[PDB]
Each structure stands twice: as C-alpha cells, then as structure tokens.
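Chemist: My questions will all concern the structure given below.
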Amino acid sequence: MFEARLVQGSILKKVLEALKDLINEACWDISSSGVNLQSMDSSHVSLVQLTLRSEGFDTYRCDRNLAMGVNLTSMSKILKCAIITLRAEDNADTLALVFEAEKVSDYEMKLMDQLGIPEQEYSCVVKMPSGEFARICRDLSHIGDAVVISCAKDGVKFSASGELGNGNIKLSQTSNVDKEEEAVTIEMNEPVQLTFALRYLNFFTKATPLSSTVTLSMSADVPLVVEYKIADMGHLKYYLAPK
Amino acid sequence: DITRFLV
C-alpha cells in the first residue's frame, strides 16, 4: 500500500498544471524510492519524465511497487480544491487525497487501466532563467510554427519564420554575473542547430512556476531535453524530437 | 517522431 504526506502541497498542484495539457492519462509508477512518471503525448512527438524522490515527502510509505493509471485532468481538478495526504490501498481502483494546510476534505479519485530513452551525453547544454525561455518560445510562436535553435560556446540563437516575416533572438553567454539564477551558461563540445515545433515548447514552459531555471540539452539528430528542477524533490524532463 | 529514439 501507498501513503505519502507532502506539507508543501503547492508543488503537486504545479506538477499537474505542467502536465495535464500535454498528457491526458498516465501511469504513476510508485516505489520505495519515490514517484515516477514516464509518458509520451498522444501525437508521439514528445515524452515527459517526472521524478519525485521519497525524501521530498514528509512521510512516505510504499511497501512494494505499484502502478496507478491516472486521469491527469481529474487529478488537477481535485488538486484545484486544495497539507496533502495521498493514499492507495493494495488491490484498489481509487487513490485517496486528503487535504489540509477543524476542517478535513477527503477525495476518492477513480483510477484507469515500456519504452525508454537511453542515457547519453550532449554536444551542447544551455542553462538560462526559465521565464526568459518561456518568453522566447511565446514570442516566436507568434511568427512561426517552428524554432531553429543554434547552440555555440558564446551564445544560443532562436529563429522562426512564417507569413508576416521572420525573427531571431540571440542570448549571449553571461559573464559578470550578480546571481547564479540570472546566468546564461553554455557548455559546448560540438555546436548544434536543430528545428523544433513551438507548440510543444509552449506546452513544456507550463513547468516554469516549478523552477527559476531551465536546462536545454541538444545533440545532432537526437531529441531536445528541456529540464526543470523540482526544488528538493526531483525533476521534470521533456524530450522533443527534432524536425 | 520520438518513438524511433526510445529503447
């Protein structure tokens, strides 16, 4: 059976908001170690990977591994009604959500009824403020359907083109940095230039409230990895296949 | 297509 308490309930609200628009239904893989979610979108262009470690929770019990098919819109709606306790019995078709912050609200959510990316190094890795990255993707999606991302040691460029015209955004490698989190840091072994659908990047930037920082990992002819840290708990990775 | 990258 599974039982976990998260005093910072807000994290779980944000995680769901970051996911529900891209993924309707997913299998939450729960173990002694923590929570795992891996799932592709219905159009098979992208894949999300969530990790929430057991140590990120206040209390946590999982006797043995169990998987729960979760409708993410339903869980979002339930989480919209929120100290959180999650509880699933053995052999059950419901997850129980018990909220707090005398008043107690109990929600019983109905449950529903293989393929993994290998681990690799990347030619070109970019760290930047997450708001800056969200803004860039939002802006450029008003010019075209796709972004060309060019990653070199001195900077990263984003370019779109469409009916109205074209646009180029250049961010330099930051230098005299005041705060760590406002830095634009690039680690380049090989330069890379690849094309990605902006519709999907704007799905990914819904994870912005989780983290002040986003990490972009690229290699030639392989999927883009967009990474958000979940402070003290884990991470959320989005993978996006190139055009 | 991302499937062709997944093992």
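Ordering of the structure tokens sets the chain letters (A, B, ...); residue numbers start at 1 within each chain; ligands are numbered from 1 in the order shown.
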Kindly determine which residues of chain A lie within 10 Å of chain B, considering only C-alpha atoms, and give the answer as a list in words.
Modeler: residues 40, 43, 44, 45, 46, 47, 114, 115, 116, 117, 118, 221, 222, 223, 239, 240, 241, 242 and 243 of chain A
Chemist: Residues near residue A:109, anyone? I mean within 7 Å using only C-alpha atoms, not counting same-chain ones fewer than 5 positions away, as an mmCIF file with N, CA, C and O atoms, in the first residue's frame.
Modeler:
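Heads up, here's the output in out09.cif:
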```cif
data_model
loop_
_atom_site.group_PDB
_atom_site.id
_atom_site.type_symbol
_atom_site.label_atom_id
_atom_site.label_comp_id
_atom_site.auth_asym_id
_atom_site.auth_seq_id
_atom_site.Cartn_x
_atom_site.Cartn_y
_atom_site.Cartn_z
ATOM 1 N N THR A 94 -9.032 3.179 -6.622
ATOM 2 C CA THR A 94 -9.108 4.584 -6.240
ATOM 3 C C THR A 94 -7.855 5.011 -5.491
ATOM 4 O O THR A 94 -7.282 4.235 -4.725
ATOM 5 N N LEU A 95 -7.439 6.245 -5.766
ATOM 6 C CA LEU A 95 -6.498 6.998 -4.953
ATOM 7 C C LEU A 95 -7.243 8.012 -4.071
ATOM 8 O O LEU A 95 -8.124 8.744 -4.533
ATOM 9 N N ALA A 96 -6.886 8.025 -2.791
ATOM 10 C CA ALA A 96 -7.484 8.941 -1.832
ATOM 11 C C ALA A 96 -6.578 10.145 -1.643
ATOM 12 O O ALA A 96 -5.359 9.998 -1.481
#
```
Chemist: Could you state the separation of atom CA of residue A:55 and atom CA of residue A:237 in Å, given to one decimal place?
Modeler: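 Atom CA of residue A:55 sits 19.4 Å away from atom CA of residue A:237.
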Chemist: Taking 6 positions as the minimum chain separation for residues in the same chain, which residues sit within 7 Å of residue A:161 when counting only C-alpha atoms? Answer as a ChimeraX atom specification.
Modeler: /A:143-144,167
Chemist: With C-alpha atoms kept, could you save the residues just selected as a PDB file, in the first residue's frame?
Modeler:
```pdb
ATOM      1  CA  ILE A 143       5.972  34.436 -36.035  1.00  0.00           C
ATOM      2  CA  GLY A 144       6.013  30.707 -36.969  1.00  0.00           C
ATOM      3  CA  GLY A 167      12.619  36.705 -36.131  1.00  0.00           C
TER       4      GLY A 167
END
```
Chemist: Report, in Å with one decimal, the straight-line distance from atom CA of residue A:90 to atom CA of residue A:1.
Modeler: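 Those two atoms sit 5.0 Å apart.
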Chemist: Could you work out how far atom CA of residue A:155 lies from atom CA of residue A:184, giving the answer in Å with one decimal?
Modeler: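 A separation of 8.4 Å between them.
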Chemist: List the spatial neighbours of stretch 25-35 of chain A as a list in words - criterion: any atom at most 9 Å away, only C-alpha atoms, same-chain residues fewer than 6 positions off excluded.
Modeler: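 Near neighbours after the sequence-gap exclusion: residues 2, 50, 51, 52, 53, 54, 55, 56, 57, 60, 61, 62, 63, 64, 65, 66, 67, 68, 69, 70, 71, 72, 73, 112 and 113 of chain A.
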Chemist: What would the file look like if the residues just selected were written as a PDB file, in the first residue's frame with C-alpha atoms?
Modeler:
```
ATOM      1  CA  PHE A   2       0.996   3.615  -0.623  1.00  0.00           C
ATOM      2  CA  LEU A  50       8.854  13.046 -13.824  1.00  0.00           C
ATOM      3  CA  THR A  51      10.763  12.056 -10.688  1.00  0.00           C
ATOM      4  CA  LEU A  52       9.737  12.827  -7.124  1.00  0.00           C
ATOM      5  CA  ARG A  53      12.012  11.226  -4.552  1.00  0.00           C
ATOM      6  CA  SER A  54      10.623   9.731  -1.311  1.00  0.00           C
ATOM      7  CA  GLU A  55      12.811  12.145   0.755  1.00  0.00           C
ATOM      8  CA  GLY A  56      10.909  15.060  -0.817  1.00  0.00           C
ATOM      9  CA  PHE A  57       7.828  13.974   1.141  1.00  0.00           C
ATOM     10  CA  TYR A  60       6.252   8.232   2.801  1.00  0.00           C
ATOM     11  CA  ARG A  61       5.317   4.545   2.704  1.00  0.00           C
ATOM     12  CA  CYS A  62       5.308   2.213  -0.253  1.00  0.00           C
ATOM     13  CA  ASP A  63       5.556  -1.430   0.841  1.00  0.00           C
ATOM     14  CA  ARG A  64       6.210  -2.706  -2.698  1.00  0.00           C
ATOM     15  CA  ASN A  65       5.989  -1.300  -6.254  1.00  0.00           C
ATOM     16  CA  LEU A  66       2.564  -0.346  -7.655  1.00  0.00           C
ATOM     17  CA  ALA A  67       1.315   1.423 -10.762  1.00  0.00           C
ATOM     18  CA  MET A  68      -1.775   3.670 -10.942  1.00  0.00           C
ATOM     19  CA  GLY A  69      -3.364   4.781 -14.201  1.00  0.00           C
ATOM     20  CA  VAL A  70      -4.314   8.379 -13.501  1.00  0.00           C
ATOM     21  CA  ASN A  71      -6.532  10.763 -15.468  1.00  0.00           C
ATOM     22  CA  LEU A  72      -4.484  13.950 -15.048  1.00  0.00           C
ATOM     23  CA  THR A  73      -7.294  16.413 -15.684  1.00  0.00           C
ATOM     24  CA  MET A 112      -7.859   3.814 -15.002  1.00  0.00           C
ATOM     25  CA  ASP A 113      -6.373   0.642 -16.595  1.00  0.00           C
TER      26      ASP A 113
END
```
Chemist: My list of candidates is A:139, A:232, A:100, A:190. Which is closest to residue A:219 when distances are computed with only C-alpha atoms?
Modeler: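 Ranked by minimum distance to residue A:219, first place goes to A:190.
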Chemist: Going by DSSP on the backbone, which bits of stretch 79-128 of chain A are strand (DSSP E)? Write them as a VMD selection string, please.
Modeler: chain A and resid 84 to 88 94 to 99 105 to 110 124 to 128
Chemist: The selected residues should be written to file as a compact mmCIF listing (two decimals), in the first residue's frame (atoms: N, CA and C atoms).
Modeler:
```txt
# COMPACT_ATOMS: atom_id res chain seq x y z
N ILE A 84 -1.07 17.85 2.16
CA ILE A 84 -1.71 16.80 1.40
C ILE A 84 -1.28 15.36 1.74
N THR A 85 -2.25 14.48 1.95
CA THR A 85 -2.00 13.05 2.08
C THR A 85 -2.49 12.33 0.81
N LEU A 86 -1.62 11.49 0.26
CA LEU A 86 -2.01 10.58 -0.81
C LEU A 86 -2.02 9.17 -0.24
N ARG A 87 -3.02 8.37 -0.62
CA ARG A 87 -3.18 7.03 -0.09
C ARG A 87 -3.83 6.13 -1.13
N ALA A 88 -3.19 4.99 -1.38
CA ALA A 88 -3.78 3.95 -2.22
C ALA A 88 -3.58 2.61 -1.55
N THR A 94 -9.03 3.18 -6.62
CA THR A 94 -9.11 4.58 -6.24
C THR A 94 -7.86 5.01 -5.49
N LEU A 95 -7.44 6.25 -5.77
CA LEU A 95 -6.50 7.00 -4.95
C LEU A 95 -7.24 8.01 -4.07
N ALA A 96 -6.89 8.03 -2.79
CA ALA A 96 -7.48 8.94 -1.83
C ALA A 96 -6.58 10.14 -1.64
N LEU A 97 -7.18 11.33 -1.70
CA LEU A 97 -6.48 12.59 -1.43
C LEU A 97 -7.13 13.23 -0.24
N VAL A 98 -6.34 13.45 0.80
CA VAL A 98 -6.85 14.09 2.00
C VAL A 98 -6.11 15.39 2.19
N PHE A 99 -6.85 16.50 2.16
CA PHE A 99 -6.24 17.82 2.29
C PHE A 99 -6.39 18.46 3.64
N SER A 105 -11.02 17.69 4.22
CA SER A 105 -11.62 17.27 2.96
C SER A 105 -10.95 16.02 2.38
N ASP A 106 -11.77 15.00 2.16
CA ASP A 106 -11.37 13.71 1.60
C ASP A 106 -11.91 13.52 0.18
N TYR A 107 -11.01 13.24 -0.75
CA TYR A 107 -11.39 12.98 -2.14
C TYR A 107 -10.97 11.57 -2.55
N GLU A 108 -11.91 10.80 -3.10
CA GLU A 108 -11.62 9.49 -3.67
C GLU A 108 -11.66 9.60 -5.19
N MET A 109 -10.50 9.59 -5.83
CA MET A 109 -10.41 9.64 -7.30
C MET A 109 -10.39 8.24 -7.90
N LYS A 110 -11.23 8.00 -8.91
CA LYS A 110 -11.25 6.73 -9.67
C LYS A 110 -9.98 6.55 -10.52
N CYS A 124 25.85 20.08 -26.64
CA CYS A 124 25.66 21.49 -26.27
C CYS A 124 24.52 21.66 -25.26
N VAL A 125 24.88 22.14 -24.08
CA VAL A 125 23.96 22.26 -22.94
C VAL A 125 23.83 23.75 -22.56
N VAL A 126 22.60 24.23 -22.41
CA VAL A 126 22.33 25.63 -22.04
C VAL A 126 21.53 25.73 -20.72
N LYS A 127 22.06 26.47 -19.75
CA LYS A 127 21.30 26.89 -18.58
C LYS A 127 20.92 28.39 -18.66
N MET A 128 19.64 28.69 -18.47
CA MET A 128 19.11 30.06 -18.52
C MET A 128 17.90 30.22 -17.58
```
